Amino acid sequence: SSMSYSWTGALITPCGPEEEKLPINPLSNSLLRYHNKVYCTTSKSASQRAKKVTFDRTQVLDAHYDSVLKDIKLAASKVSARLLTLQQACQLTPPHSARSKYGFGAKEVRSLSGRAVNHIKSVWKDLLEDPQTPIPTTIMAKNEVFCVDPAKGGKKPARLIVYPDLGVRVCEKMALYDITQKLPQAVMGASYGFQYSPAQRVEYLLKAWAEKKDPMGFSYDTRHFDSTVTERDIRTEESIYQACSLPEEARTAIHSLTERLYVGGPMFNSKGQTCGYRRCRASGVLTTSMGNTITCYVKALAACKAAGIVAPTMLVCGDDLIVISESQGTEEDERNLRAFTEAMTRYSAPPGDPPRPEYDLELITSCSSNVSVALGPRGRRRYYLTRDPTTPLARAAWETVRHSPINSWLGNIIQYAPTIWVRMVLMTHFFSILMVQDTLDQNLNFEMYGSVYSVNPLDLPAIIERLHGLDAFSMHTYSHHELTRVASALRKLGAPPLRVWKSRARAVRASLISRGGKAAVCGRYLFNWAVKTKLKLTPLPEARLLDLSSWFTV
């Protein structure tokens, strides 16, 4: 049937400046040496990604899909959702959100400036009066940092991002924000990812594994997921939304947004030249994350029925997917997974790498993370969530006139506190830098799922205990897999071995213990691993006061 994109041949031009690296990276050049391997994706590679995501889609559904969609619309029916006030949608736009063509930006929108509320009023009225005229969109290449992989063809091309004008984006939040806060949870229940903190997600998968008599799990990621969603997928999304109890005014704007924006439309480059036509998901609309996860859940759930997966348990984060199920014998389990893949290829959610049955929780990698195990001095098994540290290290090295890696470090220290690589590398380099800057007690921004939370470095012990528990300061023996990987990534980026980090840490700890106060608590908790006569860590009362609920949610 339809083509994901078509192109006029106009270039995908840069939105602002794409910065050169500098000849000295003074904050991260004592972290790793091979700064030549750290690169940022750029609009240069945008045509390359363009050719990789343009393809003819052929969707073929069936009674399994049809059965799922029916039950998911019924779950949807139990949701009641309201319009947001224009004023509320305004106050939800980020403080740096891309300006409007109509001469005003995030600052006026957040401050309810009259100019802005006026234009946005008339944009809302156009949505309610006009259900057909396509809404134009800007296409830009995403800039993100990676390490090179010669085994994966040098550098990844930039991801394609496609978003409507700032006026339209506020309007989306009025029509759809409340649903984005209620629908996913309701139709997916505990299967919704994006409601679990790292430890909660380990808890969940651990539980799923043990419920099964003979457990078996696999993970799935659709290849170029935004380009695989078809105009029918998007219209089916509208009907899942319309399944809820909504005011009539919202249904009207929801329908207009779907027909005029979500099912597709013309894309213009940043220079204003008309650039192509889009017939798939624009990664940029409000519903990007919700549509990804619900359309992924429905297809994946259908495919489970097609493949005869027994007693499935799912975890769905966008297009990343984990399924813990009852094993039917390894021979059947392989056949079933080909069936699952053939099904989802029929649903137009074809895979990146072919999925594969695994019978060991550490061998299932999804959401770029995996569960792993460490002992204590206890001998007791502590389970946690880790990842390949390559990309975290690469972004620990991204350092230009306009970006500081220091937020990147904090973010990983918070999210992966129990990992050997956070504990021995990032935590050490973090506090070492801040002390030399005399910055320990000056706040940083932690960033996750759009929200930005303020964090004081000297609070990391309490924060980490509230998130991961006191076991995060006691992991004695890490797994052969984890040791191998962290070792290899450190070699790959020219960072010191773990041996050397242990020495550095001993010194860091000594140095902030002897600042007393909150700084010393940091050294006794965060660096208990570096001294041979470990002190007995006690729970921290201030952790009992922290409420980190909304940190790892949506």
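Position 1 is the first residue in the sequence shown; the rest follow in order.
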Revision key, fill the gap. Once average C-alpha B-factors are taken from the entry for 97-105 and 423-431, the winner is 97-105
**Study point:** 73-81 versus 147-155 - greater average Cα B-factor per the deposited record
**Key:** 147-155
Review point. So among 312, 355, 392, 318, who wins on Cα B-factor in the entry?
Key: 355
Check your understanding: Which one, 117, 205, 436, 300, has the peak C-alpha temperature factor per the PDB entry?
Key -> 117
Revision key, fill the gap. Chain thirds by Cα B factor, record data; residue 53 belongs to the highest
Review point. Which third, lowest, middle or highest, does the CA B-factor of residue 481 fall in along this chain?
Key: lowest
Review point. Which third of the chain holds residue 125 when residues are ordered by C-alpha B factor: lowest, middle or highest?
Key: highest
**Study point:** B-factor third for the C-alpha atom of residue 517 within its chain
**Key:** highest
Point to revise | CA B-factor placement of residue 351, once the chain's modelled residues are sorted into thirds | key: highest
